[PDB]
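As you go down the protein sequences, you meet chains A and B in turn. Sequential numbering from 0 applies to the first sequence in PDB author numbering. Sequential numbering from 271 applies to the second sequence in PDB author numbering. In this text, a Cβ means the ideal position worked out from N, Cα and C, and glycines have one as well.
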Amino acid sequence: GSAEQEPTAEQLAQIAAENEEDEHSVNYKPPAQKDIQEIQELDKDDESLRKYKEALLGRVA
Amino acid sequence: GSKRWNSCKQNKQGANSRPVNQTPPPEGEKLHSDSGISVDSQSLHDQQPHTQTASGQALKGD
C-alpha cells in the first residue's frame, strides 16, 4: 500500500528470490546466495508470516 | 505454474541491492548441516524475530 518514487515495495520485490534461490538454486550453484538459512525456513514449523516482512526489514539477516 | 504459494516479484530481485545475502561460505553448506533451524533448535541470532504473529495487514503493511 504505497505510490511514490523508489517505494518500499522495491525491497519487498525480492520475495520471489527469497525462497526460490534455495530449493531451485543449491542444486545449480554453491551456497553463496544466502549465508543464512533461518529466513527461508521460517515458513515451516515456526512463523509462516514473519518471513514476508524480513525481505524489507533485514534482507541479509 | 501455480504449484507454489503466492510470491511477489514486482520486476527485480535486488534493485541496486541483493536477493537475500550474497556473501562467501562462512563455515560450510546450510542444507543437511544442522537440524531444528525452524524451532526444534532455534538459533541465538540469524533472522529478524521482531514479532510472533500478525504480519501487519495480513501479509505486509505498517
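Checklist entry - Count the other CB atoms within 10 Å of the CB of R58(A); is the residue buried (16 or more) or exposed (fewer)? => result If you number the first sequence from 1, residue 58(A) lands on position 59. Classification of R58(A): buried, given that the 10 Å Cβ count is 16 or more.
Checklist entry - Under a CB-based cut-off of 9 Å, is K28(A) close to chain B? => result Numbered from 1 along the first sequence, position 29 holds the residue referred to as residue 28(A). Taking Cβ atoms only, chain B never reaches closer than 9 Å to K28(A), which makes this a no.
Checklist entry - Can you give the Cα-Cα distance for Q4(A) and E37(A), rounded to whole angstroms? => result Position 5 of the first sequence holds residue 4(A). Position 38 of the first sequence holds residue 37(A). So the two alpha carbons sit approximately 32 Å from each other.
Item to check | DSSP-derived helix/strand/coil call for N291(B) | outcome: On the second sequence, residue 291(B) is found 21 positions in, with the first residue counted as 1. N291(B): strand per DSSP, three-state reduction.
Checklist entry - Do you know how far the Cα of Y27(A) is from the Cα of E17(A)? => result As a working mapping, residue 17(A) is identified with position 18 in the first sequence. As a working mapping, residue 27(A) is identified with position 28 in the first sequence. C-alpha separation (whole angstroms): 16 Å.
Item to check | Outcome for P295(B) when other beta-carbon atoms lying within 10 angstroms are tallied against a minimum of 16 | outcome: For this step, residue 295(B) is matched to residue 25 along the second sequence. Residue burial is scored here from C-beta neighbours: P295(B) has fewer than 16 other C-beta atoms within 10 angstroms and is therefore classed as exposed.
Checklist entry - Do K52(A) and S325(B) have their C-beta atoms closer together than 9 Å? => result Your numbering for residue 52(A) matches position 53 in the first sequence. Your numbering for residue 325(B) matches position 55 in the second sequence. A contact, by the Cβ cut-off of 9 Å.
Checklist entry - Relative to the alpha-carbon of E22(A), which residue among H302(B), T321(B), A285(B), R288(B) has its alpha-carbon at the smallest distance? => result Taking the first residue of the first sequence as position 1, residue 22(A) is located at position 23. In terms of Cα proximity to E22(A), the closest of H302(B), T321(B), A285(B), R288(B) is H302(B).
Checklist entry - Going straight from the alpha carbon of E299(B) to that of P30(A), what length do you get? => result Along the second sequence, read from residue 1 onward, the residue named residue 299(B) stands at position 29. Along the first sequence, read from residue 1 onward, the residue named residue 30(A) stands at position 31. Rounded to the nearest angstrom, the two C-alpha atoms are 6 Å apart.
Item to check | Supposed close pair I35(A), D316(B) - CB separation, criterion 8 Å | outcome: As a working note, residue 35(A) is residue 36 in the first sequence. As a working note, residue 316(B) is residue 46 in the second sequence. Contact between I35(A) and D316(B) holds, with the beta-carbon distance rounding to 5 Å and staying under 8 Å.
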